[PDB]
2 protein chains.
Amino acid sequence: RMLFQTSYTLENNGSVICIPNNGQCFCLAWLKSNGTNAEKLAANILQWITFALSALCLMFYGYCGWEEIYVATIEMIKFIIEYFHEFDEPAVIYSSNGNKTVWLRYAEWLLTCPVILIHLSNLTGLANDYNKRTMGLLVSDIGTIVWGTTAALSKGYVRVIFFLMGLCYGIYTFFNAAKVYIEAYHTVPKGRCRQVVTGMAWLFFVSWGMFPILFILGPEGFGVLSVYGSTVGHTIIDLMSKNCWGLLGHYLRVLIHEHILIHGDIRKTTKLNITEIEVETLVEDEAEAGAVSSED
Amino acid sequence: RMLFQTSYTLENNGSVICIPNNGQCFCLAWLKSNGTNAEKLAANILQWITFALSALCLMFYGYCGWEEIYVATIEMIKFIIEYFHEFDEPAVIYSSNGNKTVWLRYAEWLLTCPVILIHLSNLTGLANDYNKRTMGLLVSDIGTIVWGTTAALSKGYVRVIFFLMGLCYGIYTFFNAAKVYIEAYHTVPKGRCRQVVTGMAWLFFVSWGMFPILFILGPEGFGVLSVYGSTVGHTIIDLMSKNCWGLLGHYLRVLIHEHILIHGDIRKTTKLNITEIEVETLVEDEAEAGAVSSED
Ligand SMILES: *[C@@H]1O[C@H](CO)[C@@H](O[C@@H]2O[C@H](CO)[C@@H](O)[C@H](O)[C@H]2NC(C)=O)[C@H](O)[C@H]1NC(C)=O
Ligand SMILES: *[C@@H]1O[C@H](CO)[C@@H](O[C@@H]2O[C@H](CO)[C@@H](O)[C@H](O)[C@H]2NC(C)=O)[C@H](O)[C@H]1NC(C)=O
Ligand SMILES: CCCCCCCC/C=C/CCCCCCCC(=O)OC[C@H](O)CO
Ligand SMILES: CCCCCCCC/C=C/CCCCCCCC(=O)OC[C@H](O)CO
Ligand SMILES: *C\C=C(C)/C=C/C=C(C)/C=C/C1=C(C)CCCC1(C)C
Ligand SMILES: *C\C=C(C)/C=C/C=C(C)/C=C/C1=C(C)CCCC1(C)C
């Protein structure tokens, strides 16, 4: 099917390659198989199921709330492109050093990272304002993806360096994301809302932790995984990272706003020490509205 | 110098290209000259002068304030890479459809866009908090760059579509950036500070407006500009966009903080109508501290 040169002849006992003078790019590296038919079959099924979850989440959100819809919007447009041109440039970049770079993956990441990280900075949906910490999260995360994308396009020691630079930015991101979730947990009402925040923390760190793991394992790293293999891995953590997390988000938001509808905005002053942090604890009792220094 | 195949023989009256079977990538498209020696000379001079401004701004900032230093930090690291490997992959991506994509340019943009846009949302340096508008600026701007990078990697009608998607996100960004500058102007003290804000608005819209212009003019568009030609253009708007703007930023910040040191934080309530906006006008008179509905 390809729109680079696929047809060639070996000459002088395979010391010379002859190609038609048709102006097409040529590299043997590009023509390596993308994997087994079993890997491909598994990947096409998980993609449809991802399309289905993306489709149902959107209609569901149809019944504030912009971050979840957008990630499903970007996710559906992703599947229509995958369906028609998953292995066409520039969904994959076939480059001069022989690399295959899945631009489709990294593009989606850069697009939605501020959406996800704004949503991280707005779990309750009650804030109209964002602290200095939000801004450090966005700067560090975008650096991470830019270094990582550079690492995927590179080879040898240059790939190693950009990966290392991605990891250092990433560590700063994970550290600060942890404090946000801690604050969120002690902010929301004591019941179901704290189960959902806990659910979102698990989904976030496991799914986000799996991306640098799949980088090292894929063609961009030590080439352990095939391309279809990588796609299957990506579909699973994609479902967790995007659809499910925003669905849990929307659910949390509903619970919090309904708390204001029934009990009202009854905040507290839980002074944490996990340092010298502070928090506004929503409670279901009007009585409870004082300073609770819970030094952790 | 190149690390793709540069040496080939024409066979059967130029209907066949023969290349050594050494596993190197090959495309005639990659081997087109990057421009005249005059263009190259001009580009190397402006780069050194950019290195010099980046170097002096950093030492100058050495005598809160993190956004300006970082853009100069990223800018210096950029020049050391340019000096050694400006036309080596992945500073340039040479891809299977024959495109040259200046990844070095787009990477820097993605890295510093949250830094610049946070700084846009913090001209005075007095805010500890960021409004909902900041977040829309970051989402729209990152979309713009991701669509544009996709457009640069693509060809034909797919390049047209991604450019159009970049422009639509871009328009939303420019619209909202305009409101920020309006708010900033009517927030800062009446004297020198409003000259600097006005200076920053001009630099921002002219420099940022010139990027989609240089895209359309370069190899990524209608190929009017050569590669060295594009580099020269980029150096000029780079100096404006990064060094100069952050220097004017730092200067503004100094002026505002010194206002708190002399007069103190004396805010007002200028209710604008350019809609139904509001602003906290810093003044040098303790007397002045009331609601001034200045409907524009
Ligand atoms: C054609 O080139 C091939 C290179 O593979 C040569 O085949 C091999 O020759 C070397 C001997 O120098 C052996 O070590 C290998 O075991 C051979 N086979 C393979 C599969 O590598 C072959 O000798 C060359 N023929 C001519 C006429 O030069
Ligand atoms: C070698 O191929 C070239 C293709 O350029 C042929 O040269 C041209 O031939 C056509 C005639 O069909 C003319 O229209 C052009 O003006 C010729 N010159 C150029 C520079 O394009 C040439 O005929 C071929 N030779 C053989 C033996 O097939
Ligand atoms: C914050 C979450 C915690 C979890 C974070 C996950 C840690 C994964 C890192 C592994 C280090 C090993 C080095 C990896 C270097 C990758 C670059 C590479 O593959 O290099 C190609 C090689 O040079 C040519 O074959
Ligand atoms: C907000 C600031 C205001 C200023 C904003 C600047 C506007 C520039 C747009 C021009 C439209 C013309 C169409 C440009 C399409 C670019 C894609 C392209 O070059 O297409 C390649 C072609 O298909 C193969 O040769
Ligand atoms: C589409 C949704 C999500 C959540 C995408 C997330 C991507 C990452 C978390 C990537 C992380 C990286 C790290 C931490 C370091 C190596 C380079 C990566 C970009 C792969
Ligand atoms: C390094 C500093 C700056 C300010 C870089 C800015 C880059 C842009 C403003 C790019 C804008 C684009 C637009 C508006 C639409 C087409 C695609 C572009 C990414 C080139």
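Every residue in the stretch B:124-158 that is touching an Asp or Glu at 6+ places or on another chain (Cβ under 8 Å), at the interface with another protein chain (Cβ under 8 Å from one of its Cβ atoms) and over 24 Å from A:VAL92 (Cα atoms), please.
B:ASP129, B:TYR130, B:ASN131
Which numbered condition in (1) more than 21 Å from B:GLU108 (Cβ to Cβ); (2) near ligand 5 (Cβ under 10 Å from one of its atoms); (3) at the interface with another protein chain (Cβ under 10 Å from one of its Cβ atoms) is the only one that A:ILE116 fails?
(3)
Please go through (1) within 25 Å of A:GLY136 (Cβ to Cβ); (2) not in a helix (DSSP H, G or I) for A:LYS190 and return the number of the only condition it doesn't satisfy.
It fails just one condition, (1).
Is there a residue being within 11 Å of chain B (Cβ to nearest Cβ), surrounded by fewer than 18 Cβ atoms within 10 Å (Cβ to Cβ) and either within 16 Å of ligand 2 (Cβ to nearest atom) or assigned to a loop (DSSP other than H, G, I, E, B) (or both) anywhere in the stretch A:67-86?
Among the residues of the stretch A:67-86, not one is within 11 Å of chain B (Cβ to nearest Cβ), surrounded by fewer than 18 Cβ atoms within 10 Å (Cβ to Cβ) and either within 16 Å of ligand 2 (Cβ to nearest atom) or assigned to a loop (DSSP other than H, G, I, E, B) (or both), which makes the answer no.
Could you check, for the stretch B:162-184, whether at least one of its residues is over 26 Å from B:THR134 (Cα atoms) and within 16 Å of ligand 4 (Cβ to nearest atom)?
Within the stretch B:162-184 (the criterion being over 26 Å from B:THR134 (Cα atoms) and within 16 Å of ligand 4 (Cβ to nearest atom)), the answer is no, since none of the residues qualifies.
If you go through the stretch B:175-211 one residue at a time, how many are within 14 Å of chain A (Cβ to nearest Cβ) and either more than 18 Å from B:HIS119 (Cβ to Cβ) or within 16 Å of ligand 3 (Cβ to nearest atom) (or both)?
Qualifying residue count for the region: 0.
Name the single residue, out of those in the stretch A:212-236 being within 13 Å of ligand 3 (Cβ to nearest atom) and among the hydrophobic types (A, V, I, L, M, F, W, C), that is nearest to the other protein chains (Cβ to nearest Cβ).
A:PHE215
For the stretch B:179-214, enumerate the residues that are farther than 20 Å from B:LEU167 by Cα and of a type in the set (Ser, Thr, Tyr).
B:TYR181, B:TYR185, B:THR187, B:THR198
Output the residue which, of all residues in the stretch A:6-46 that are assigned to a helix (DSSP H, G or I) and among the charged types (D, E, K, R), is nearest to A:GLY233 (Cα to Cα).
Filtering the stretch A:6-46 for residues that are assigned to a helix (DSSP H, G or I) and among the charged types (D, E, K, R), the one nearest to A:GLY233 (Cα to Cα) comes out as A:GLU39.
I'm trying to understand the selection: among the residues of the stretch B:20-34, which are crowded, with 16+ Cβ neighbours inside 10 Å and more than 9 Å from chain A (Cβ to nearest Cβ)?
Residue satisfying the conditions is B:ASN34 alone.
Just to be sure, is A:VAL206 farther than 20 Å from A:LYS179 by Cα and either over 14 Å from the mean Cα position of the chain (by Cα) or not hydroxyl-bearing (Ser, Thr, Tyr) (or both)?
No; evaluated as a whole, the condition is false for this residue.
Please work out if B:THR50 is under 26 Å from B:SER226 (Cβ atoms) and loosely packed, with under 14 Cβ neighbours inside 10 Å.
Taking the combined requirement at face value, the residue does not satisfy it.
Just wondering, is there one or more residues in the stretch A:163-174 that are polar (S, T, N, Q) and facing another protein chain (nearest Cβ under 9 Å)?
no
Would the stretch A:55-65 turn up any residue that is within 11 Å of another protein chain (Cβ to nearest Cβ), out of contact with any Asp or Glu (no Cβ under 8 Å at 6 or more places or on another chain) and not basic (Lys, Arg)?
yes
So, B:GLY221, is that one within 19 Å of the chain's Cα centre (by Cα), assigned to a loop (DSSP other than H, G, I, E, B) and of a type outside the set (S, T, N, Q) or not?
Yes; evaluated as a whole, the condition is true for this residue.
Return the residue satisfying two criteria in turn: it lies in the stretch A:9-19 and is under 10 Å from B:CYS18 (Cα atoms) and more than 7 Å from chain B (Cβ to nearest Cβ), and of such residues it is nearest to ligand 3 (Cβ to nearest atom).
Per the stated criteria, the residue is A:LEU10.
Could you list, in sequence order, all residues of the stretch A:112-130 that are part of a loop (DSSP other than H, G, I, E, B) and of a type outside the set (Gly, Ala, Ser)?
A:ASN122, A:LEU123, A:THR124, A:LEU126, A:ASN128, A:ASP129
A short reminder: the numbers here are calculations on the coordinates, not readings from a lab. Don't worry about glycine lacking a Cβ; one is built from the backbone with ideal geometry, like all the others, and counts go over all protein chains shown.
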